[PDB]
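J.: Protein chains in written order, with the deposited numbering: chain X, 101 to 317; chain c, 10 to 32, 53 to 248, 268 to 328; chain Y, 3 to 52, 62 to 162; chain a, 5 to 221, 236 to 310; chain R, 45 to 100, 138 to 144, 153 to 184. Positions of the beta carbon are idealized from the N, C-alpha and C atoms, including for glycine.
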Amino acid sequence: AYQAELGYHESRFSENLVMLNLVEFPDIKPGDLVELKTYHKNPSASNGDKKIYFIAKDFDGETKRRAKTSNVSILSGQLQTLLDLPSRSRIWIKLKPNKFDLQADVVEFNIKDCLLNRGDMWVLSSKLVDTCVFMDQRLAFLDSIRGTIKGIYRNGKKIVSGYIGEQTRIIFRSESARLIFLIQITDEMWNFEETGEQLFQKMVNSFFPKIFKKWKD
Amino acid sequence: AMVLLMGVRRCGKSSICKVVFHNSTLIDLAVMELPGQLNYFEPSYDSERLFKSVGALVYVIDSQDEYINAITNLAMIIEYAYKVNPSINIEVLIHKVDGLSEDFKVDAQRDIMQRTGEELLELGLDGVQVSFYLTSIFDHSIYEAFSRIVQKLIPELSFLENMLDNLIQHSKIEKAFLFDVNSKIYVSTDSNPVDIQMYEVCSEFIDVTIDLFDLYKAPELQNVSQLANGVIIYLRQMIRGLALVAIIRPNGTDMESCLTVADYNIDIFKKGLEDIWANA
Amino acid sequence: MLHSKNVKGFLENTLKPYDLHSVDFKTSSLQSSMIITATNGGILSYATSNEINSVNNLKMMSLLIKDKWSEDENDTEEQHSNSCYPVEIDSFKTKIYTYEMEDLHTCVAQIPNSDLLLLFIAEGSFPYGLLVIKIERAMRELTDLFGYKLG
Amino acid sequence: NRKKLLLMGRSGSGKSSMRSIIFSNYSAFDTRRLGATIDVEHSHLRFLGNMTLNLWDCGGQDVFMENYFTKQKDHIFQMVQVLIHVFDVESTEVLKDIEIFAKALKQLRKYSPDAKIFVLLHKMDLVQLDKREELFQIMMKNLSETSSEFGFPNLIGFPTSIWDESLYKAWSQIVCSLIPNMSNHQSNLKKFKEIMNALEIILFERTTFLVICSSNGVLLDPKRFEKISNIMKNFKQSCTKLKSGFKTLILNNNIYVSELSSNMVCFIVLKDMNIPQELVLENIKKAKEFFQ
Amino acid sequence: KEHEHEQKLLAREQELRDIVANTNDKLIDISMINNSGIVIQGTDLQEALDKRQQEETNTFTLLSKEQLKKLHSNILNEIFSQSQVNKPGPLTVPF
Ligand SMILES: Nc1nc2c(ncn2[C@@H]2O[C@H](COP(=O)(O)OP(=O)(O)O)[C@@H](O)[C@H]2O)c(=O)[nH]1
Ligand SMILES: Nc1nc2c(ncn2[C@@H]2O[C@H](COP(=O)(O)OP(=O)(O)O)[C@@H](O)[C@H]2O)c(=O)[nH]1
Ligand SMILES: [Mg+2]
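Structure follows, in structure tokens:
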């Protein structure tokens, strides 16, 4: 493992999420998958330690020229709030070289309040290759479509961040969709269950209000 | 750099003025409100000297009410504002957005931007860039918007950025703000992103400092506030109404040594700031 | 506890120069007189012979002097140094170190069996032996501050 | 050292707002979400390190108020040290409030007549600024005439609201009537003021930030204690954002705010601006074990 | 006239860059404080030797008592008398 100093930068300099100094620790080539774990042995949950995957990219010319330590720079916004670390802290770096073996199995997505075609989903998934994502990251397609990565799965574990490869089964769940209900009105609707409730009474008192409350939540 | 506040009646210009400036170039001067109702504009009714005397024009749009006519009136204002002087920075504030979701706020801002761009395309104006800010009185947004508006009217911005970057790099400072004594409008900072939580901490530190000083008067403001984890918050009044607020982390060092080196470095920075006429 | 007024008056009195009458030998007053701690080197009390900038510069000089004294206090090699004057007053042993700071003669002495330091700074024309005698007789009169530790 | 405090009033008088802001660390804007207190809500609060405060947030609604003086009269009003009756100036049934207060005074005189009655005219921010003092005096004359009838020769009142700092002063003077060894604290604070040569030294509590005692008991603001309490509460709520706790604050090397102990916060204003910080901090640290 | 303003702006850029460089040159870090090397142990004889080094054999040959014995003791007494510093009061006060 390696050691690096954490840094933050605004969107004016660079648009990438995580940037590291390529001139320091030159074991890492420009195109790699690099862990950003903040723990060196004995991981702590109460203290707060996370393993955030990302893809290596070099510093901006303006930032590298007018530099002030900070071997690794994280773009502000959502990733900084997820990591929750001060402006100068101690982090660690690995060089996991198995991109194929570290592919996430299922990456979720949300397409709320916008119509994506099936081919649009295919194109958006094609653009999301060799790029690492994390939970609740607002991806953008055509500068108007908004996404939300609500779940990354790998070997039965819901990892906070994962790597999306060629063989990643990325799904596109819809948070704003057309729904059709087909209620059967039969002779059994006025029948009574063993507790003492009619089935249509259940339908109008416990299924629909709960599903509307859940949909609103 | 006198900024002009324009908007429809009951949009919130007077309340914004009260909240900000009541609680030249850089100081918080007496800004000019302007109630602009829907009408036909008189051609050159001795308003050329007024708009030539405005450093940057600020427009206020109420997000609660219908705003298409507001955008149309704004386009009519810009149609002669850019013609009279092509060096005026034009700012638009989307006020009263406290009770809206993030998605609704972004969609409203995008719709306002598209409508303003299309209306300026219809009027034939080219080479004009209009900034948009989502502002509200109840939070920090109006302060940050006015900070950006003021920063657009200081020609010595990059040199102050370099000076603060050097000061932070040689004093173990986490984040240093060059505030002003009134309105809590921070004038310059480093290349580090402006954290909202740290900005609110520094603003309430300014309020606590000014109030505690005002409680004991009638006998150069300096303040050191150290927390439990060793993190200190420093204050030192600069030239004219400017005040420097910095958050310095000890990094496992002596508190008094850090205070001494920070005091000497900040005094050197103030001596350097004496040469440049950034005050007032 | 401590009293700032009496310590300030004591430091102001130790800023007095020397005027010898049998031999015409006038000496200037000390540049600065102050008392600093043995842990962080910050100024507890101070007094100048003759404003905020000078206070900050004196604090920086006190930090530098304490930083140089810290390594000398924890070193036992080359103990027979010509610039060390270890005096024992009232069965209390201490070590006095003299330093040269560009054009300023700085001499410090730890108050024995305590976490405090006594520092005298004068100009480059001031003799070192007179400084040693001055700080020895100053430490002779400071018996009430013996055995004082920071809270 | 258990002190039983009673917090009574009419419905919507803002008793729970006072309890939340003073003790439970809620903002003024966060009192709108508070529900209606059903029956009596007990709150065991530890003041300093030895005192505990048994504050009884009574209901104040008509059924609860009628239940207090009929069936629970032998439980609510026994072994009571301080009554804090809260009056609302927005109420249109002021005579009913005075009659309820008279019944409470009668029960307290019947059971524990050694108590200390305090009245707070809450919600005195909706009324205009010109008539606040006149309305307070008009209601206070009637409340003192009523109070003197059912025993209790003295009755101290305060115009209070949650949108200013008078609540801190009122609760500080309510609490300080129960704090033991106040004379020793005053003597030690006077000794420390003489030793450090300070203009005025004020002693607070660390958690609630209420005034405990002052050195004095250039004209200064008579309402400076409550304003310093409000400013310190705001500064503590600001320093909670930095994931840490407030420890020290020095202003112009003349106003020293430091954690004197684990239960008190000192507020020292000196006279000479040339004293170095380390000497004042060392003298503060010497007195840290003295006030314990 | 605007070209004169352009030259004025170029002079402003040079002056402001000089102002930045000037205030940048006085920045002292804690590493500079810890490893300054300014505070060095100096004796009177070593200071005289360095003075002669910058300015630029057994000279002495081995061959009243009352006057020298009086004057040495009087000089020591006059040195010790003026070093007697009397406090204006107690240093530490009790409770
Ligand atoms: N919620 C909310 N209301 C606002 C805000 N700004 C202004 N207002 C409302 O606007 C009203 C005052 O408008 P005013 O400043 O007098 O309008 P003007 O005289 O035309 O500038 C108040 O009743 C406020 O409720 C805001 O940021 N948030
Ligand atoms: N405007 C204003 N409202 C107040 C004040 N004090 C309390 N309130 C209101 O009182 C409500 C809460 O009342 P509550 O404490 O539950 O009354 P209680 O149960 O009788 O003690 C909040 O919605 C506040 O708006 C005040 O000083 N000013
Ligand atoms: Mg209640």
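Have a look at the DSSP bridge pairing and note the partners of Y/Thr39.
T.: Position 37 of the third sequence holds residue 39 of chain Y. Y/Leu127, per the DSSP bridge assignment.
J.: Closer than 7 Å between beta carbons: that is the criterion. Which residues of the stretch 60–77 of chain R meet it against chain c?
T.: So the list reads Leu60, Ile63, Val64, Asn66, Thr67, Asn68, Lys70, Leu71, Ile72, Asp73, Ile74 and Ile77, given in the order they occur along the chain.
J.: Would you call the CB atoms of Y/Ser51 and Y/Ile37 closer than 8 Å?
T.: To locate residue 51 of chain Y, count along the third sequence from 1; it is residue 49. To locate residue 37 of chain Y, count along the third sequence from 1; it is residue 35. Taking 8 Å as the Cβ cut-off, Y/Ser51 and Y/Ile37 do not qualify as a contacting pair.
J.: Of all the options c/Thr301, c/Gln274 and c/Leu186, which has the alpha carbon lying nearest to the alpha carbon of c/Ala326?
T.: Translated into positions along the second sequence, residue 326 of chain c becomes position 278. It is c/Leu186 whose Cα lies nearest to the Cα of c/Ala326.
J.: X/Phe234 and X/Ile152 look like a contact to me (Cβ under 8 Å); what is the Cβ gap, rounded to whole Å?
T.: In the first sequence, counting from the first residue as 1, residue 234 of chain X sits at position 134. In the first sequence, counting from the first residue as 1, residue 152 of chain X sits at position 52. Confirmed, Cβ separation roughly 6 Å.
J.: Kindly list, in the order they appear in chain c, the residues whose Cβ is closer than 9 Å to that of Y/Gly140.
T.: One-based indexing of the third sequence puts residue 140 of chain Y at position 129. Chain c residues near Y/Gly140: none, gap ~31 Å exceeds 9 Å.
J.: Out of Y/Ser81, Y/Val66 and Y/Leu4, which has the shortest C-alpha to C-alpha gap to Y/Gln33?
T.: Taking the third sequence and counting its residues from 1, the one referred to as residue 33 of chain Y is at position 31. With distances taken between Cα atoms, Y/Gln33 lies closest to Y/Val66.
J.: Less than 8 Å between the CB atoms is what I'm expecting for residue 325 of chain X and X/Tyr108, so what's the real figure, rounded?
T.: The structure shown does not extend to residue 325 of chain X, since chain X is modelled only from 101 to 317, so the question has no answer here.
J.: On the premise that Y/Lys106 lies in contact with Y/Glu84, defined as a C-beta separation below 8 Å, what is that separation, rounded to the nearest angstrom?
T.: Numbered from its first residue, the third sequence carries residue 84 of chain Y at position 73. Numbered from its first residue, the third sequence carries residue 106 of chain Y at position 95. That pair is a contact at about 7 Å.
J.: What would DSSP say about X/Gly219, mapped onto helix, strand or coil?
T.: For the purposes of this step, residue 219 of chain X is taken as residue 119 along the first sequence, with counting starting at 1. Note: X/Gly219 maps to helix in three-state DSSP.
J.: Suppose you measure from the CA of a/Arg23 to the CA of a/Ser15; what does that come to, to the nearest Å?
T.: In the fourth sequence, the residue the question calls residue 23 of chain a occupies position 19. In the fourth sequence, the residue the question calls residue 15 of chain a occupies position 11. In a straight line, the C-alpha of a/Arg23 is about 15 Å away from that of a/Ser15.
J.: List, in order along the chain, the chain c residues whose C-beta lies closer than 7 Å to that of Y/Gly44?
T.: Mapped onto the third sequence, residue 44 of chain Y falls at position 42. The contacting residues are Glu304.
J.: Within a Cβ cutoff of 7 Å, which residues of the same chain sit near c/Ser176, ignoring the five residues on either side of it in sequence?
T.: Translated into the one-based positions of the second sequence, residue 176 of chain c becomes position 147. Hits under 7 Å: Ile214 and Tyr215.
J.: Output the boundary residues of the alpha helix (DSSP H) element that contains c/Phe80.
T.: As a first step, residue 80 of chain c is located in the second sequence; it is residue number 51 there, counting from the start. Per DSSP, c/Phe80 belongs to the alpha helix (DSSP H) from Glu77 to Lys81.
J.: Look up X/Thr286 in the DSSP assignment and say whether it is helix, strand or coil.
T.: On the first sequence, residue 286 of chain X is found 186 positions in, with the first residue counted as 1. X/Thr286: coil per DSSP, three-state reduction.
J.: Looking at C-beta atoms only, is the number of pairs between the stretch 185–201 of chain c and the stretch 152–163 of chain c that lie closer than 8 Å three or more?
T.: They do not touch, by the three-pair rule.
J.: Could you tell me the alpha carbon to alpha carbon distance between X/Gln178 and X/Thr248, rounded to whole angstroms?
T.: To locate residue 178 of chain X, count along the first sequence from 1; it is residue 78. To locate residue 248 of chain X, count along the first sequence from 1; it is residue 148. Rounded to the nearest angstrom, the two C-alpha atoms are 12 Å apart.
J.: Considering only heavy atoms of ligand 2, does any lie closer than 7 Å to the CB of a/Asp101?
T.: Counted from its first residue, the fourth sequence places residue 101 of chain a at position 97. Answer for a/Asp101: no, Cβ out of range of ligand 2.
J.: For c/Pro222, count the other beta carbons within 10 Å of its own beta carbon; 16 or more makes it buried, fewer makes it exposed. Which is it?
T.: Translated into positions along the second sequence, residue 222 of chain c becomes position 193. Buried, by the Cβ-count rule.
J.: Classify X/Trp290: buried if its beta carbon has 16 or more other beta carbons within 10 angstroms, exposed otherwise.
T.: Translated into the one-based positions of the first sequence, residue 290 of chain X becomes position 190. Under this definition X/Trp290 is an exposed residue.
J.: Name the residues in the stretch 311–324 of chain c whose C-beta lies less than 7 Å from a C-beta of chain Y; which are they?
T.: Of all residues in the stretch 311–324 of chain c, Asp311, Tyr312 and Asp315 have a Cβ within less than 7 Å of some Cβ in chain Y.
J.: Thinking a/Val90 and a/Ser191 are a contact (beta carbons under 8 Å), I'd like their distance in whole angstroms, please.
T.: Along the fourth sequence, one-based indexing puts residue 90 of chain a at 86. Along the fourth sequence, one-based indexing puts residue 191 of chain a at 187. That belief does not hold up - the Cβ atoms of a/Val90 and a/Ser191 are roughly 35 Å apart, past 8 Å.
J.: Which same chain residues end up closer than 8 Å to X/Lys302 when comparing Cβ atoms and leaving out the 5 residues on each side of it in sequence?
T.: Counting from one through the first sequence, the residue named residue 302 of chain X turns up at place 202. Once the five neighbours on either side are set aside, the close Cβ partners of X/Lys302 are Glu293.
J.: Can you tell me whether a/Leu147 is buried or exposed, with buried defined as 16 or more other CB within 10 angstroms of its CB?
T.: Numbered from its first residue, the fourth sequence carries residue 147 of chain a at position 143. By the 10 Å Cβ count, a/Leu147 comes out buried.
J.: DSSP on Y/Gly140, reduced to helix/strand/coil?
T.: Taking the first residue of the third sequence as 1, we reach residue 140 of chain Y at position 129. Note: Y/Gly140 maps to helix in three-state DSSP.
J.: Return yes when the Cβ of X/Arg112 is within less than 8 Å of the Cβ of X/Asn210, no when it is not.
T.: Your numbering for residue 210 of chain X matches position 110 in the first sequence. Your numbering for residue 112 of chain X matches position 12 in the first sequence. Not closer than 8 Å, so no.
J.: Please list the partners that c/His199 has in chain R, where partner means a Cβ-to-Cβ separation under 7 Å.
T.: Residue 199 of chain c sits at position 170 when you count from the first residue of the second sequence. Those are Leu71 and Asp73, listed as they occur along chain R.
J.: Please list the residues of the stretch 66–85 of chain Y that have a C-beta atom closer than 7 Å to any C-beta atom in chain c, keeping them in chain order.
T.: Hits within the stretch, in order: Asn67, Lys70, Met71 and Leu74.
J.: When every heavy atom of ligand 3 is checked, does at least one fall within less than 7 Å of the C-beta of a/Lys197?
T.: Against the fourth sequence, residue 197 of chain a aligns to sequence position 193. a/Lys197: no, Cβ never under 7 Å from ligand 3.
J.: Is X/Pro143 near ligand 1, going by C-beta to nearest heavy atom under 7 Å?
T.: Working through the first sequence from its first residue, we reach residue 143 of chain X at position 43. Answer for X/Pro143: no, Cβ out of range of ligand 1.
J.: Give the residues of chain a in contact with Y/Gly158, contact being defined as C-beta atoms less than 9 Å apart.
T.: Counting from 1 along the third sequence, the entry for residue 158 of chain Y is found at position 147. What Y/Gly158 touches in chain a: nothing, since even the nearest Cβ is about 14 Å away.
J.: Looking at chain R, is there any beta carbon in it that lies within less than 8 Å of the beta carbon of c/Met286?
T.: Taking the second sequence and counting its residues from 1, the one referred to as residue 286 of chain c is at position 238. Not closer than 8 Å to any Cβ of chain R, the Cβ of c/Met286 fails to qualify, so no.
J.: Hey, is a/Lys145 close to ligand 1, as in C-beta under 7 Å from one of its heavy atoms?
T.: For the purposes of this step, residue 145 of chain a is taken as the residue at position 141 of the fourth sequence. Not so, every heavy atom of ligand 1 lies at least 7 Å from the Cβ.
J.: Closer than 8 Å by beta-carbon distance: list the chain Y residues that pair up with c/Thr308, in chain order.
T.: The residue labelled residue 308 of chain c in the question sits at position 260 within the second sequence. Near c/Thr308 (Cβ distances below 8 Å), the residues of chain Y are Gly44, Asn67, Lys70, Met71 and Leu74.
J.: Could you check what DSSP says for a/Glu277 in three-state terms: helix, strand or coil?
T.: As a first step, residue 277 of chain a is located in the fourth sequence; it is residue number 259 there, counting from the start. Looking at a/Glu277 - three-state DSSP - the assignment turns out to be coil, as it is neither helix nor strand.
J.: Is a/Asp43 close to ligand 3? I mean its beta-carbon at under 7 Å from any heavy atom of the ligand.
T.: On the fourth sequence, residue 43 of chain a is found 39 positions in, with the first residue counted as 1. Every heavy atom of ligand 3 is 7 Å or more from the Cβ of a/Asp43, so no.
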